[PDB]
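A.B. asks: For the protein sequence lines, the chains are L and E, in the order given.
Oh and the first sequence: position 43 is 43 in my numbering, straight run, nothing missing.
Just remember that my numbering sits 1000 ahead of the position in the second sequence, which is counted from 1.
Have a look at this one.
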Amino acid sequence: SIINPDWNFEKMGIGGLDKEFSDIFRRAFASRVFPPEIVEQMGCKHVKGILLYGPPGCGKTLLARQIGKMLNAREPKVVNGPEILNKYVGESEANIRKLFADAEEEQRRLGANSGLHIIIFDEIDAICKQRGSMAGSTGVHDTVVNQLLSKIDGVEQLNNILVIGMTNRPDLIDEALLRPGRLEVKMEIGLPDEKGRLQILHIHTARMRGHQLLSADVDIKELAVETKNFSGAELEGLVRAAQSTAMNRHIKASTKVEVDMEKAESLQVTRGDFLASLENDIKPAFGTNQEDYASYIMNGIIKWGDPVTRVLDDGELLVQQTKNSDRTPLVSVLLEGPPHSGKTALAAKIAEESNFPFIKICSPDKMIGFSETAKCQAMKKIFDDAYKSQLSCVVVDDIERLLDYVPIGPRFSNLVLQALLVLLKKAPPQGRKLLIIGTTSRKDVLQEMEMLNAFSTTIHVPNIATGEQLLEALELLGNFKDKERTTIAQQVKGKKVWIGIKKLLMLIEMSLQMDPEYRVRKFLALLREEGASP
Amino acid sequence: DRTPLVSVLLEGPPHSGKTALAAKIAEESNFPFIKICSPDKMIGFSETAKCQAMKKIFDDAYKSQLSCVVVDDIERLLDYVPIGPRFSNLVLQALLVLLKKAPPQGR
Ligand SMILES: Nc1ncnc2c1ncn2[C@@H]1O[C@H](COP(=O)(O)OP(=O)(O)OP(=O)(O)O)[C@@H](O)[C@H]1O
Ligand SMILES: Nc1ncnc2c1ncn2[C@@H]1O[C@H](COP(=O)(O)OP(=O)(O)OP(=O)(O)O)[C@@H](O)[C@H]1O
Ligand SMILES: Nc1ncnc2c1ncn2[C@@H]1O[C@H](COP(=O)(O)OP(=O)(O)O)[C@@H](O)[C@H]1O
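Spelled out as structure tokens, the structure:
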């Protein structure tokens, strides 16, 4: 026995996680804490390894170092997954073998009283003959896994080893590395919560409080509630950025204003720095991105007709439905409308007003030149990442352009079709909601391919069809004069009006490119030219 | 004793609850070996991988004295789509050959 029965995990680095320690100890290392005498009387072996999986950058290695330290073991021998890889035949195996030289020597010499060695892999998935299943060529010369297995156990027995692995894609691990007698204990490290964020922020700001250099104005609870779905490293980055900005401001002010030395020595970080850097410096991967909205909602939304209100209200009802309910952890909805009816903007809007923590937009714009397998990889990655939050809402910007449709033929990529059809019907991990929004301009084709059946609801987005609607929209935009408006109203009473908002904006901009004399006539001529009759 | 291999097919209109009935009838058998092979676990695979997975499941199932193997949503496995038509031939042939193979004597 080298530790107290109740352990201790506080103000020694790791602060977020406290229950996982107790759980893992109760499950795994009960053998090494009990009076030895009965242990030798027991004839029972010790667990020969464990595996940890969780979202990247959530503080896993710290657990390994702490557990290695507390047990009174030797120095951990860190190693990197991809690093152990060579193109020369029969070379990586030597690397895998060398790691156990010290343990072998100690076991041979001291017999059954040697110390404890610990070996810490990193991205253990690097060496597996399972990644080759997916579309590609990464057979990684399976021999590696056989060598690793035959070294952990086999004809020669080692009783002085403990293997700890860290990975991010739990699925891609070969099954054989989980049978009893080998790595045989799993655990999950989920995202931190409010209390964990508070503890981590408090820990990393101890120096400033000790030296009083921090401004008294700043709190920690406010900032903690501000950060919704950050990760471990993000809090440290935020603190560093705040320090840098505060000091830059202080030095610039001192140079600009010859302040008395009293404030010059003072380097108070103040509170403005924290918020400024938070909104301008750090961009969490798992959090909301306020930036992307502007890239699609470029001109806001102006209420020009009743349908907008109906659509927004229905979106609100769907959001309410997905938030609080059971028996339906997954929901779907599809938007359809003629070309240039501004479907995308509505989707982005409704997603924004959803007010969910995790929101992401995946459009074909960031995938040009990709072969289909890459598209499957992207879809899978984004959905898998979205599965790691309590709530989530994803937006598939343009379903049609994803499939590579073209009326001639017809032609498309079947593989993407399957991937989407299967994915739209997979419940998240237990106790987690979701919301998926589509978009398209070709309803009939989707109806024909049986995919419309998978979606669970539909909404319609019509166009401008009435003259008075056009007058009201023009007035809202505010680009035409009173007598000019009268002329337009006089000439547009025919009611044969059917146009899309995007086209209307472009047409107005074009018509505003000559002298005031001829604007009305040119605009009317161009509008008359586009006499659509759906 | 003289019919070691049996088969059965469920079918109905969509949303009629077939998967649930299949799973329930499988559970109520009290056989020692059960295994469900669904399309949800092979997203984005290549057909060769699907064939290998099918072969592995059936090989493992052979070893025991009893068993009950369930294949769910045949059409999705084949990757059917009414336009065309288009689908995978390899999966179809593998499944069809498998579905009439006897295990080793007395199983
Ligand atoms: N109330 C509104 N309704 C629709 N669009 C609006 C509205 N107000 C402004 N817009 C502008 O309409 C455009 C909408 O872009 P969007 O991509 O949705 O159009 P689209 O051509 O119909 O779609 P897509 O090409 O993606 O199929 C943006 O410029 C947006 O600024
Ligand atoms: N008698 C019943 N038959 C079928 N499902 C039932 C029955 N009673 C309740 N259910 C519920 O129905 C749901 C089963 O629906 P399920 O998704 O299996 O339908 P399906 O038509 O077989 O699916 P799919 O065609 O999408 O593969 C479960 O919630 C189950 O609890
Ligand atoms: N629970 C935690 N408490 C304190 N710091 C943490 C915690 N989790 C992550 N960190 C921060 O993350 C950094 C190390 O991250 P690391 O352990 O390498 O992530 P991973 O284990 O996922 O690779 C440290 O600088 C540390 O400040």
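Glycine is no exception: its CB is placed at the ideal position from the N, C-alpha and C atoms.
Around the C-beta of L:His250, are 16 or more other C-beta atoms found within 10 angstroms, so that it is buried, or is it exposed?
C.D. replies: So L:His250 counts as buried.
A.B. asks: When every heavy atom of ligand 2 is checked, does at least one fall within less than 8 Å of the C-beta of E:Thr1019?
C.D. replies: Yes, the Cβ of E:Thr1019 comes within 8 Å of a heavy atom of ligand 2.
A.B. asks: Taking L:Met506 as part of the alpha helix (DSSP H), name the residues at either end of that continuous run.
C.D. replies: Segment 501-511, the alpha helix (DSSP H) holding L:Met506.
A.B. asks: Which of the three DSSP states, helix, strand or coil, is assigned to L:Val422?
C.D. replies: DSSP places L:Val422 in helix when its eight states are reduced to three.
A.B. asks: Of the residues that make up the segment 1066-1081 of chain E, which ones have a beta carbon closer than 8 Å to any beta carbon in chain L?
C.D. replies: Here the close residues are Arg1076, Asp1079, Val1081.
A.B. asks: Quick one: is L:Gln490 near chain B, going by C-beta distance under 9 Å?
C.D. replies: No chain B is present in this structure, whose protein chains are L and E.
A.B. asks: Pull out every residue of the segment 1025-1046 of chain E whose Cβ sits closer than 8 Å to any Cβ of chain L, in chain order.
C.D. replies: Listed by position, the residues of the segment 1025-1046 of chain E near chain L (Cβ gap below 8 Å) are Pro1039, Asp1040, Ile1043, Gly1044, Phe1045, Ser1046.
A.B. asks: Less than 9 Å between CB atoms is the rule here; does E:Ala1020 satisfy it with respect to chain L?
C.D. replies: E:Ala1020 does not count as touching chain L.
A.B. asks: Give the list of continuous alpha helix (DSSP H) stretches no shorter than 4 residues that lie fully inside the segment 379-408 of chain L.
C.D. replies: As far as the segment 379-408 of chain L is concerned, its whole alpha helix (DSSP H) runs of at least 4 residues are 399-403.
A.B. asks: Three Cβ pairs or more, each shorter than 8 Å: is that satisfied between the segment 52-66 of chain L and the segment 185-196 of chain L?
C.D. replies: With the cut-off at 8 Å, the segment 52-66 of chain L and the segment 185-196 of chain L touch.
A.B. asks: Tell me whether L:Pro284 counts as near ligand 3, meaning its Cβ is closer than 8 Å to at least one heavy atom of that ligand.
C.D. replies: Answer for L:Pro284: no, Cβ out of range of ligand 3.
A.B. asks: Based on Cα-Cα distance, which residue from L:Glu468, L:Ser215, L:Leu201 lies nearest to L:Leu223?
C.D. replies: Nearest C-alpha to L:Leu223: L:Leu201.
A.B. asks: Could you say which of L:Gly272, L:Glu234, L:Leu318 lies nearest to L:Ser215 if we only look at CA atoms?
C.D. replies: Looking at the Cα atoms, L:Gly272 is the closest of the given residues.
A.B. asks: Go through the segment 278-350 of chain L residue by residue and report every complete run of the alpha helix (DSSP H) that reaches 4 residues or more, in order.
C.D. replies: For the segment 278-350 of chain L, whole alpha helix (DSSP H) runs of length 4 or above, ordered along the chain, are 291-296, 306-323.
A.B. asks: Would a check of beta-carbon distances place E:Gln1093 closer than 9 Å to chain L?
C.D. replies: Output row for E:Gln1093: interface = no.
A.B. asks: Given this structure, state the Cα-to-Cα distance separating L:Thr167 from L:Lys186, to the nearest angstrom.
C.D. replies: So the alpha carbons of these two residues sit roughly 11 Å apart.
A.B. asks: Could you give the first and the last residue of the continuous alpha helix (DSSP H) run that contains L:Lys522?
C.D. replies: Taken as a continuous stretch (DSSP letters only), the alpha helix (DSSP H) holding L:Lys522 covers 519-529.
A.B. asks: Under 9 Å between C-beta atoms, does E:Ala1061 make it to chain L?
C.D. replies: Taking Cβ atoms only, chain L never reaches closer than 9 Å to E:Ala1061, which makes this a no.
A.B. asks: Can you tell me which of the three DSSP states L:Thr138 falls into?
C.D. replies: Three-state DSSP puts L:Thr138 in coil, outside helix and strand.
A.B. asks: If you compare alpha carbons, which of L:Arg401, L:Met298, L:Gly531, L:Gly13 is closest to L:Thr439?
C.D. replies: Closest option to L:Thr439, Cα to Cα, is L:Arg401.
A.B. asks: Label L:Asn229 either buried or exposed according to how many other C-beta atoms from any shown protein chain fall within 10 Å of its C-beta, with 16 as the threshold for buried.
C.D. replies: Classification of L:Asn229: buried, given that the 10 Å Cβ count is 16 or more.
A.B. asks: Considering only residues of the same chain and omitting the five flanking positions on each side of L:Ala454, which have a CB-CB separation below 8 Å?
C.D. replies: So the qualifying residues of the chain are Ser332, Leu421, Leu424, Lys425.
A.B. asks: Could you check which residue in L:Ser354, L:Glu352, L:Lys375 has the C-alpha nearest to that of L:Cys362?
C.D. replies: Taking only the C-alpha atoms, the option nearest L:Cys362 is L:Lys375.
A.B. asks: Could you check the C-alpha separation between L:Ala176 and L:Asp292 for me, to the nearest Å?
C.D. replies: The alpha-carbon atoms of L:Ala176 and L:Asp292 are separated by roughly 44 Å.
A.B. asks: Only counting the same chain, and skipping five residues up and downstream in sequence, which positions put a Cβ closer than 6 Å to that of L:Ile501?
C.D. replies: The residues are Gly342.
A.B. asks: If we define contact as Cβ-Cβ less than 9 Å, is E:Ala1049 a contact residue for chain L?
C.D. replies: Yes, because at least one Cβ of chain L sits closer than 9 Å to the Cβ of E:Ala1049.
A.B. asks: By the three-class DSSP mapping on this structure, what secondary structure does L:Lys11 have?
C.D. replies: Three-state result, L:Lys11: coil.
A.B. asks: Whether or not the segment 464-483 of chain L and the segment 502-510 of chain L are in contact is what I'm after, with contact meaning three or more pairs of Cβ atoms, one per stretch, closer than 8 Å; do they touch?
C.D. replies: Result yes; three or more Cβ-Cβ pairs closer than 8 Å.
A.B. asks: Just reading off the beta strand (DSSP E) that L:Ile161 is part of, what are its end residues?
C.D. replies: From DSSP, the beta strand (DSSP E) with L:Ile161 extends over 161-167.
A.B. asks: Please tell me whether, using a cut-off of 8 Å, the distance from the CB of L:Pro428 to the nearest non-hydrogen atom of ligand 2 is below it.
C.D. replies: Because no heavy atom of ligand 2 lies under 8 Å away, the Cβ of L:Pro428 does not count as near it: no.
A.B. asks: Can a CB atom of chain E be found closer than 9 Å to the CB of L:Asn453?
C.D. replies: With 9 Å as the cut-off, L:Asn453 counts as an interface residue toward chain E.
A.B. asks: Give, in chain order, every residue of the segment 412-443 of chain L whose Cβ lies closer than 9 Å to some Cβ of chain E.
C.D. replies: Flagged, chain order: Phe412, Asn414, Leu415, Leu417, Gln418, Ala419, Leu421, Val422, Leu423, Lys425, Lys426.
A.B. asks: May I have the straight-line CA-CA distance separating L:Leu178 from L:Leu51, to the nearest angstrom?
C.D. replies: Near 9 Å, if we compare the C-alpha coordinates of L:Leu51 and L:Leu178.
A.B. asks: Could you give the DSSP three-state label for E:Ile1036: helix, strand or coil?
C.D. replies: Residue state, collapsed to three classes: strand.
A.B. asks: So, is the C-beta of L:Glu448 closer than 9 Å to a C-beta in chain E?
C.D. replies: Judged by the 9 Å Cβ criterion, L:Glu448 is in contact with chain E.
A.B. asks: Only counting runs of 4 or more residues, tell me where the alpha helix (DSSP H) segments fall wholly within the segment 50-119 of chain L, in order along the chain.
C.D. replies: DSSP runs (the alpha helix (DSSP H)) wholly in the segment 50-119 of chain L: 61-70, 92-98, 101-110.
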